[PDB]
Trainee: 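Got a structure for you, written out below as structure tokens; questions coming shortly.
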Amino acid sequence: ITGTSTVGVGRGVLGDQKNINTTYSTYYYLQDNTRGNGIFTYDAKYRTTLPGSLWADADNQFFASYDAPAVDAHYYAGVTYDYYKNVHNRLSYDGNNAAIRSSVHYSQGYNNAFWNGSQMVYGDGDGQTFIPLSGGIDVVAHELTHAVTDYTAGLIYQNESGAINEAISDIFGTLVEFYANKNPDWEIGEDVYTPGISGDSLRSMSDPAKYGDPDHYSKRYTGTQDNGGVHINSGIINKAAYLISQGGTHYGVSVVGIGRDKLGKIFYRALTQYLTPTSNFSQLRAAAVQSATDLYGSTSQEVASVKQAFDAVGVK
Ligand SMILES: [Ca+2]
Ligand SMILES: [Ca+2]
Ligand SMILES: [Ca+2]
Ligand SMILES: [Ca+2]
């Protein structure tokens, strides 16, 4: 909508106060004109028609509990925008400042969030397995990264290319979580998963097996569930990325860590210059090696670490 840019205030899913960029035209809308061609957040009003209506508020204050998922969807989309722009010189998910749209209050008791090809969508959770999923910055950045992948490598969401698609979203969601630097970790979804249970999460990159996901290629899932295990076999690649960044010895193979920023540069380059819709794990290894080679040289510590890491998870 046409209007003047303003700054509202409210509280997110976890009860934290933050400022949000809004637009004023009779009502205050969740429309941030400070980033790209805008960030727009919508109310799906517990139904499944999308996007729903652009979020409208009478006084520019968002402290109602109904407002909380919108506040965080809106704010964490801005943080994710900032990460890709400031760290990778990428302007929105399409690299041309496409408007970022999010809908919250999707359906009833819905224990998931996703990118639907055009926008991000967040359920409120059932209060058991999840609370409103936009409360997790790694989840918001995971979903926007699906859009980045879909505009770049185009990794098909099935089997190994689909597992890479998922790991790319967990990797950048995690790098965005560290970028915001609140309570960062190598876990996925901990801020919104199982409010009744502390210390857990949906997935772990540092130890995928903690939740039964494979941490070695020999343990890959080959069945048909979950599009061929996309959220399962992503742990093999998540582990490799964790190792590249943090180092460690895994099944007897030692990896010298090179840190999160170089992990991010290497995988960003691989994603945008070398991966294709059908890339498998072996081809991701080659893509990452070539990327580290371009960035740091064929004799670098960085290239040797990438090889050590894929070796440690059994990917040649
Ligand atoms: Ca209000
Ligand atoms: Ca965290
Ligand atoms: Ca996390
Ligand atoms: Ca929990």
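Positions are given from 1 along the sequence. Both ligands and their constituent atoms are indexed starting at 1 by order of listing.
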Trainee: Look at the N, O or S atoms of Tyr28, main chain and side chain alike, and state whether any lies under 3.0 Å from the Ca ion (ligand 1).
Mentor: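 For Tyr28, the answer is no, given that no N, O or S atom comes within less than 3.0 Å of the Ca ion (ligand 1).
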Trainee: Tell me which N, O or S atom of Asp138 sits nearest to the Ca ion (ligand 3).
Mentor: OD2
Trainee: To the nearest 10 degrees, could you say what angle the Ca ion (ligand 1) makes with O of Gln61 and OD2 of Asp57?
Mentor: 90°
Trainee: Does the side chain of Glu187 reach to within under 4.5 Å of the side chain of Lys210, using non-hydrogen atoms?
Mentor: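 Heavy-atom side-chain distance check passes, below 4.5 Å.
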Trainee: Establish, yes or no, whether a centroid distance under 6.0 Å links the rings of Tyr66 and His105.
Mentor: yes
Trainee: Does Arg90 make a cation-pi contact with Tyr84, if we ask for NZ or CZ under 6.0 Å from the ring centre and within 45° of the axis?
Mentor: no
Trainee: Is the Ca ion (ligand 1) less than 3.0 Å from at least one N/O/S atom of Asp67?
Mentor: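 Under 3.0 Å: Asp67 has no N, O or S contact with the Ca ion (ligand 1).
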Trainee: So which of the N, O or S atoms of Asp59 lies nearest the Ca ion (ligand 1)?
Mentor: OD1
Trainee: More than 12 non-hydrogen atoms from neighbouring residues, nucleotides or ligands closer than 6.0 Å to CG on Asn89, yes or no?
Mentor: no
Trainee: In terms of side-chain geometry, is the basic nitrogen of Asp16 or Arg11 positioned less than 4.0 Å from the acidic oxygen of its partner?
Mentor: no
Trainee: Would you give the angle at the Ca ion (ligand 3) between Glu187 atom O and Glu177 atom OE2, to the nearest 10°?
Mentor: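 Output for this angle: 140°, rounded to tens.
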Trainee: Of all the N, O or S atoms in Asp185, which has the shortest distance to the Ca ion (ligand 2)?
Mentor: OD2
Trainee: Do you know which N/O/S atom name in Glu190 is closest to the Ca ion (ligand 2)?
Mentor: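 Nearest N/O/S atom of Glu190: OE2.
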Trainee: Hey, can you tell me if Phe172 and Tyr83 have their rings parallel, tilted or perpendicular (30° and 60° cut-offs)?
Mentor: tilted
